[PDB]
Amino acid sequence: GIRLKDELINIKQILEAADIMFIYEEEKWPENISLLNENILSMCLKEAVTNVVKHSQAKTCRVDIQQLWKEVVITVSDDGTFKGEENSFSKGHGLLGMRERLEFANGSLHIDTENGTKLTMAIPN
């Protein structure tokens, strides 16, 4: 029930309070996304950033939110170190939670944990 523009403000506050530099510049903002898919993305954006704050030990977090072809794509990257096991998608927790909720919406969640942690989340639009 959170607009994505409002969630952006929440994550700026959370990252600043955690002494993590937030890097965001508006580019290709979605011109129309369903209120459902927008709200799913707000929830996933919040969780991606909760994870940065709780686990990463990052000094920087970069967020991109772009309409690309038939998807809205959100990427959240940080320059800390990934703390999870080889398979970090477990029942009852946010990575698998976000992936399952996105996939139900015919979207996707990918993760790269080489240079810190980067989450790419996409949903139809």
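When you see a residue number, it is the position in the sequence shown, counting from 1.
Of the two stretches examined, 31-39 and 50-58, the record assigns the greater average C-alpha temperature factor to 31-39. Looking at mean Cα B-factors across 89-97 and 74-82, the upper value is held by 89-97. Placement of the Cα temperature factor of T113 within the chain: highest third of the modelled residues, per the deposited record. In the deposited entry, the Cα temperature factor of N10 places it in the lowest third of its chain's modelled residues.
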